[PDB]
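Engineer: I'd like to ask some things about the structure below.
There are 2 protein chains.
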Amino acid sequence: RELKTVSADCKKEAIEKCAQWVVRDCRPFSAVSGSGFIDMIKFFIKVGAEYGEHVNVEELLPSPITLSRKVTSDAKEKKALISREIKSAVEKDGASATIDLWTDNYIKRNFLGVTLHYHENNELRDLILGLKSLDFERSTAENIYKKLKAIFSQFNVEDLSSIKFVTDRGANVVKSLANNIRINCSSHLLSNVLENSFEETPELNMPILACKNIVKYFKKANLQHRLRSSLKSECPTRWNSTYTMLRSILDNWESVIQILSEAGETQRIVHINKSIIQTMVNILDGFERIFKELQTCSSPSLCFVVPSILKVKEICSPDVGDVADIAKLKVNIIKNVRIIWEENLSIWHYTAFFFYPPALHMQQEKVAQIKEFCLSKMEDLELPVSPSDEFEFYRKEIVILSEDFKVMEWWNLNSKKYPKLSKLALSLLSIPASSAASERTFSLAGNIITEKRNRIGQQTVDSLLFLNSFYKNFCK
Amino acid sequence: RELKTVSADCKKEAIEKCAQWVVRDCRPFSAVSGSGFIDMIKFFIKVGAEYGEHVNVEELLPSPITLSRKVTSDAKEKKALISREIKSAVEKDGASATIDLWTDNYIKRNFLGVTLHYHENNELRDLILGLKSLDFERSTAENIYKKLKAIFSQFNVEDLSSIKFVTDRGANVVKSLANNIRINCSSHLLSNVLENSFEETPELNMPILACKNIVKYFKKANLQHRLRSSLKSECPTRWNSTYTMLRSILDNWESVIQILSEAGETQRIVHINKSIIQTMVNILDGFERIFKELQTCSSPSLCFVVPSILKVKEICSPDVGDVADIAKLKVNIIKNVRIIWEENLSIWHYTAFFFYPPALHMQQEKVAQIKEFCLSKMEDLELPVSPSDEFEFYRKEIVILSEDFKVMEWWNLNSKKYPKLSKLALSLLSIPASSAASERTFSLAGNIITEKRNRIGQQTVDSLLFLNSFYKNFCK
DNA sequence: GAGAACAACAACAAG
DNA sequence: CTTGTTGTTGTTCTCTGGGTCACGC
DNA sequence: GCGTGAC
DNA sequence: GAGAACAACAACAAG
DNA sequence: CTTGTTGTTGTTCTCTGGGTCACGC
DNA sequence: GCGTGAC
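What follows is the structure, encoded as structure tokens:
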């Protein structure tokens, strides 16, 4: 079991060696921490045990072109390996995927991301099918579906029918999937909601915009070295990082106004009244949680879409204290929530909030359409407990929401009390609710494809990318 | 001596576990080949010999903060360590130093680079002294000087007099250093000559600029992928990327008009003369060499400044059959060759040409002030053939030119044979002739200071940088 | 959000 | 009682798509 | 052909 | 100029 | 004879200062 | 104070 602590003088040398690694190879300190470094390191203590202190590691060590190639091999390896387990879940109908497009920022190749989502015992696989180049082809619907199918046919999946896709609404992808099950990414719809509700309340949105430029100025004026917080720019595509910006302007407020006025540029300090800001960061702060709770890939997401929506309506519940500029937003939101989000919703959404057992109220008409849905799947399609019964049997379920409630677990551990229903919630709750996975994926491609790494080929990135998703879901 | 060669089973379990590293830390393939990374690895095998296949790794390898905490302390020891061997060049008068100003682009702090150059027997070591930030104080001559004593002070030297300083003509450092020996960076100067000679031949400068904006067009419209070369933007900051651009635009010639006209953007190719362009890239091409020989800071450099100029003329020495454009550039060069480049030379450049012994021609008016110089400091700073003869005795030195000639060692083989002389051509051929040693330092500094590395401090950078130069000068 | 540095602290060796 | 080492925890920073595909008129 | 709505 | 990935080749192992 | 593994050479690609300090009218 | 020549 236990392993040798080495001596104070042997510790002391592992310092001054790795210290020199950092220097002569110009690497970041953080890389000693590597969970692949550390294991790689163990394999080189073991080759010390059994070949001892005199070994020529020149020829032992690979060239990096062998690592490049090994990396493409191991990649093809594990792709066909668990390509079986894949083809299973997709025909168990518990298959949903996320897809989005992206462009590297040096070569400017156009790219399609795909991740897959299915449950496996109690686990929830979220993993990268592929990121593959459209090459320089034209980024239309079919080239997407072309490469799309291409991605699945490495796993021999030739049928996308049963696959519920969740995606943003780009005209491209929207009709790239026009002939499949298609679910709208809920993190986007929210953003749509929010940024239209600001378009339409320029009473506020004039300062917001005005803020956006104080950042842009300070940044170009090269200020902020006197701040104690750096002003955070709003980035156009990311979720009202407006909230981030406001908060950041919000903290240096006196220092800004001063520095702005004291450089005479106070012609930029235009709209005063910090207090209407403070309310918006107060408003925007609560949506932060919703976005977070919405893109979660570690546990179910979809079924919390609905309660979040009314959660939005409840942030925006009208108020008498509202200054007239605030009051307007609240309604510009709620309206938008209705006509943008709730109305770009689907049946999988309201079925998925059914399967939170403390749904008493979802009733509406809803369970009408839900039953018709739920039944329409259940009976024939499984490709002493009747199918139409388990429903009302379910309705008599009553739970209290608890500090730790896992709806993930309640179902395998309520199973067989609804042995045809236990197979729905297991299948719908694996559905991710947002196209986040793809973005998360793109984020990681971005640190592969870098200024100095720029020659890297489409296959080494995709291979590099799968592989790290692979040791992620399958290996401890 | 001879070292163990592990099984070809043990091999392919390094090339699977090493790949593991690159995928789980997202590190570059080339990280394996890293030299300091092997003198790292070997200690891990050797550490596996002594304690065997079972070791406690997580206490072993240090925390990334200790490696910073070390790397900055290693900095200390090896700095005021060599403060002796440094000062031994300083008071020996045979030391050189290059300085310039840079600034990072994330945090936008602004830095003072310094390097040192000396010989110490037959070596010629080029060694980074320091990079100290100004903090945000505004970088006039005056607080530059301050940081200079700061950097030099850490090697104990408050007397910076004897130091031959080479730099550009930015007025901040020009003023700042007024009180010491300043020499002018002759690559900067030679760029000016080029820089203006082109401003002043607008029938050439207009197609050149047309080119630049062709480039920036492909980059934006994201062509370049159907080319087989990428177009290479001229950047303002560096020496006639114009070459590399004009060639890069030249090597794609037919494709470019195809793509551009067939984009109906062909109005950008309208002042063309692909003939006259080939001319420029060829004229431009042999300045490359001169640029390279001028900034070499490991071999002697200064001694080439004068003849490099001459070679600039036999480049522009007139040709009848030069379409008039071509020959106006040529003539416009040869003018500022005189009034920018030659005009800024110092007795050092002419002296250093003499101390390259195949100097017959250098006679001119020069040997007048030449000798007034070399003896001006020869007799008095010293710390049977009078000093004045060894010149004339040298003057009778008469040498053939070896393709393999090395005058560093010449002045050592025939050393002491002009004894109160022999070391003057030591202190002279160790002067760098160019400010590039500084830019090299900067280039390196910006591979330290990156997006995700943006948190690092001045110290932790200056430390990292000194070391990498230390291990390079002082370690086999 | 995610790499990546470290400010601040806190346990600890030593003096 | 006052300094000098490793590591732990929590904080801060930087970067974040514009030309291009669908679709209505 | 063009302006609009997503990305 | 400098990291970094790879094409192309050549040297070699193995079917 | 082909096919398959590990290197080696030698090429390619990306990135590149705009607002500041002097100095004279 | 305004412009230029260096970065």
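Residue numbers (PDB author numbering), protein chains in the order written: chain A, 81 to 463, 517 to 609; chain E, 81 to 463, 517 to 609.
No residue lacks a Cβ here, since even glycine has one placed at the ideal position from N, Cα and C.
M360 of chain A and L284 of chain A look like a contact to me (Cβ under 8 Å); what is the Cβ gap, rounded to whole Å?
Structural biologist: By 1-based counting over the first sequence, the position of residue 360 of chain A is 280. By 1-based counting over the first sequence, the position of residue 284 of chain A is 204. Right, their Cβ atoms sit about 7 Å apart.
Engineer: Distance check for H199 of chain A and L559 of chain A, CA to CA, integer angstroms please.
Structural biologist: On the first sequence, residue 559 of chain A is found 426 positions in, with the first residue counted as 1. On the first sequence, residue 199 of chain A is found 119 positions in, with the first residue counted as 1. Taking the straight line joining both Cα atoms gives about 7 Å.
Engineer: Does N136 of chain E have its Cβ less than 9 Å from a Cβ in chain A?
Structural biologist: If you number the second sequence from 1, residue 136 of chain E lands on position 56. With 9 Å as the cut-off, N136 of chain E counts as an interface residue toward chain A.
Engineer: Starting from the C-beta of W101 of chain A, find all residues in its chain whose C-beta is less than 8 Å away, skip the five residues before and the five after it, and write them out in chain order.
Structural biologist: The count along the first sequence starts at 1 and reaches residue 101 of chain A at position 21. Closer than 8 Å at the Cβ level, and outside the excluded window around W101 of chain A, lie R107.
Engineer: In its own chain, which residues sit with a C-beta less than 6 Å from the C-beta of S602 of chain E, not counting the 5 before and 5 after it?
Structural biologist: As a working note, residue 602 of chain E is residue 469 in the second sequence. Closer than 6 Å at the Cβ level, and outside the excluded window around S602 of chain E, lie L207, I208.
Engineer: Measuring only the C-alpha atoms, how far is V417 of chain E from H268 of chain E?
Structural biologist: As a working mapping, residue 417 of chain E is identified with position 337 in the second sequence. As a working mapping, residue 268 of chain E is identified with position 188 in the second sequence. Taking the straight line from one Cα to the other gives about 13 Å.
Engineer: By the DSSP assignment, the alpha helix (DSSP H) with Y323 of chain A in it spans what residues?
Structural biologist: Translated into the one-based positions of the first sequence, residue 323 of chain A becomes position 243. It spans 321–331 - the alpha helix (DSSP H) in which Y323 of chain A sits, taken as one unbroken run.
Engineer: If you run the structure through DSSP and keep just helix, strand and coil, what is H429 of chain A?
Structural biologist: If you number the first sequence from 1, residue 429 of chain A lands on position 349. Helix.
Engineer: Are three or more beta carbon pairs between the stretch 385–402 of chain A and the stretch 366–376 of chain A nearer than 8 Å?
Structural biologist: yes
Engineer: Look up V246 of chain E in the DSSP assignment and give the residues it is bridged to.
Structural biologist: By 1-based counting over the second sequence, the position of residue 246 of chain E is 166. Its beta-bridge partners are E:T178, E:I263.
Engineer: If we count the other Cβ atoms within 10 Å of its Cβ and call it buried at 16 or more, is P287 of chain A buried or exposed?
Structural biologist: Working through the first sequence from its first residue, we reach residue 287 of chain A at position 207. Buried.
Engineer: By the 7 Å beta-carbon criterion, what residues does the stretch 323–350 of chain E contribute toward chain A?
Structural biologist: Answer set for the stretch 323–350 of chain E: empty.
Engineer: Please name the residue or residues paired with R205 of chain A in a DSSP beta bridge.
Structural biologist: Counting from 1 along the first sequence, the entry for residue 205 of chain A is found at position 125. For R205 of chain A, which the question treats as bridged, DSSP gives the partners A:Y198.
Engineer: With DSSP as the reference, identify every bridge partner of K84 of chain A, one or two as the case may be.
Structural biologist: Here residue 84 of chain A corresponds to residue number 4 of the first sequence, with the count starting at 1. In DSSP, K84 of chain A forms a bridge with E:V135.
Engineer: Taking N580 of chain A as part of the alpha helix (DSSP H), name the residues at either end of that continuous run.
Structural biologist: The count along the first sequence starts at 1 and reaches residue 580 of chain A at position 447. From DSSP, the alpha helix (DSSP H) with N580 of chain A extends over 569–581.
Engineer: Check the DSSP bridge columns for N190 of chain A and list the partner residues they point to.
Structural biologist: By one-based count along the first sequence, residue 190 of chain A stands at place 110. BP columns for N190 of chain A point to A:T183, A:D215.
Engineer: Give the secondary structure of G210 of chain A by DSSP, where H, G and I count as helix, E and B as strand, and everything else as coil.
Structural biologist: Here residue 210 of chain A refers to the residue found at position 130 when the first sequence is read from its first residue. Under the three-state reduction of DSSP output, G210 of chain A falls in the strand class.
Engineer: So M120 of chain E contacts chain A; which residues on that side make the cut at Cβ distance below 8 Å?
Structural biologist: Here the question's residue 120 of chain E lines up with position 40 in the second sequence. The contacting residues are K97, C98, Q100, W101.
Engineer: How far does the alpha helix (DSSP H) with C396 of chain A in it extend, from its first residue to its last?
Structural biologist: Position 316 of the first sequence holds residue 396 of chain A. Counting along the chain, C396 of chain A falls outside any alpha helix (DSSP H), and DSSP gives it neither H nor E.
Engineer: Using only the alpha-carbon positions, how far apart do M442 of chain E and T317 of chain E sit?
Structural biologist: Translated into positions along the second sequence, residue 442 of chain E becomes position 362. Translated into positions along the second sequence, residue 317 of chain E becomes position 237. If I take the Cα positions, the gap works out to 34 Å.
Engineer: Can you tell me the Cα-Cα spacing of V350 of chain E and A566 of chain E, whole angstroms?
Structural biologist: Numbered from 1 along the second sequence, position 270 holds the residue referred to as residue 350 of chain E. Numbered from 1 along the second sequence, position 433 holds the residue referred to as residue 566 of chain E. Spanning the two alpha carbons is a distance of roughly 42 Å.
Engineer: Closer than 7 Å by C-beta to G366 of chain E: which residues in its own chain qualify, once you throw out the five before and the five after it? Chain order, please.
Structural biologist: Position 286 of the second sequence holds residue 366 of chain E. Once the five neighbours on either side are set aside, the close Cβ partners of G366 of chain E are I395.
Engineer: Three or more C-beta pairs closer than 8 Å, one from the stretch 550–558 of chain E and one from the stretch 153–169 of chain E: is that the case here?
Structural biologist: no
Engineer: Can you list the residues of chain E that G114 of chain A reaches, using a CB-CB cut of under 9 Å?
Structural biologist: For the purposes of this step, residue 114 of chain A is identified with residue 34 of the first sequence, where counting begins at 1. Neighbours of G114 of chain A on chain E, chain order: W101, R104, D105, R107.
Engineer: Could you check the C-alpha separation between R104 of chain A and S576 of chain E for me, to the nearest Å?
Structural biologist: The count along the first sequence starts at 1 and reaches residue 104 of chain A at position 24. The count along the second sequence starts at 1 and reaches residue 576 of chain E at position 443. Using only the alpha carbons, I get a separation of about 15 Å.
Engineer: Classify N353 of chain E as helix, strand or coil using the three-state DSSP reduction.
Structural biologist: Numbered from 1 along the second sequence, position 273 holds the residue referred to as residue 353 of chain E. Three-state result, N353 of chain E: coil.
Engineer: Less than 8 Å between the CB atoms is what I'm expecting for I329 of chain E and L311 of chain E, so what's the real figure, rounded?
Structural biologist: Here residue 329 of chain E refers to the residue found at position 249 when the second sequence is read from its first residue. Here residue 311 of chain E refers to the residue found at position 231 when the second sequence is read from its first residue. Correct: roughly 6 Å between the Cβ atoms.
Engineer: List the endpoints of the continuous alpha helix (DSSP H) containing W544 of chain A.
Structural biologist: As a position in the first sequence, residue 544 of chain A is number 411, starting the count at 1. Run containing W544 of chain A: 540–545, per the alpha helix (DSSP H) assignment.
Engineer: Give every residue of the same chain whose Cβ lies closer than 6 Å to the Cβ of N190 of chain A, excluding the five residues on either side of it in the sequence, and list them in chain order.
Structural biologist: As a first step, residue 190 of chain A must be located in the first sequence, where it is residue number 110. Only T183, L214, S219 meet the Cβ criterion.
Engineer: Return yes when the Cβ of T178 of chain A is within less than 9 Å of the Cβ of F245 of chain A, no when it is not.
Structural biologist: In the first sequence, the residue the question calls residue 245 of chain A occupies position 165. In the first sequence, the residue the question calls residue 178 of chain A occupies position 98. The answer is yes: Cβ separation under 9 Å.
Engineer: Check each candidate in E:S168, E:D595, E:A169, E:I564 and name the one with the smallest Cα separation from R262 of chain E.
Structural biologist: Residue mapping note: residue 262 of chain E aligns to position 182 of the second sequence, counting from 1. Comparing Cα-Cα distances from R262 of chain E to each of E:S168, E:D595, E:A169, E:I564, the minimum goes to E:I564.
Engineer: Out of E:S335, E:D248, E:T583, point me to the one whose CA is closest to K188 of chain E's CA.
Structural biologist: Within the second sequence, residue 188 of chain E is the residue found at index 108, counting from 1. Looking at the Cα atoms, E:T583 is the closest of the given residues.
Engineer: Nearest by alpha-carbon distance to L440 of chain A: which of A:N201, A:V532, A:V392 is it?
Structural biologist: By 1-based counting over the first sequence, the position of residue 440 of chain A is 360. Per the Cα distances, A:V532.
Engineer: If contacts are defined as beta-carbon pairs under 8 Å, then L364 of chain A and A94 of chain E qualify, I think. What distance do you get, rounded to the angstrom?
Structural biologist: Here residue 364 of chain A corresponds to residue number 284 of the first sequence, with the count starting at 1. Here residue 94 of chain E corresponds to residue number 14 of the second sequence, with the count starting at 1. Their Cβ separation, rounded to whole angstroms, is 51 Å, which puts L364 of chain A and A94 of chain E out of contact at 8 Å.
Engineer: Just to confirm, is the Cβ distance from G132 of chain A to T574 of chain A under 9 Å?
Structural biologist: Walking along the first sequence from the start, residue 132 of chain A turns up at place 52. Walking along the first sequence from the start, residue 574 of chain A turns up at place 441. Not in contact: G132 of chain A and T574 of chain A (Cβ atoms no closer than 9 Å).
Engineer: Going by C-alpha to C-alpha distance, which of A:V392, A:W543, A:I419 sits closest to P437 of chain A?
Structural biologist: Position 357 of the first sequence, counting from 1, holds the residue named residue 437 of chain A. Minimum Cα distance to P437 of chain A is reached at A:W543.
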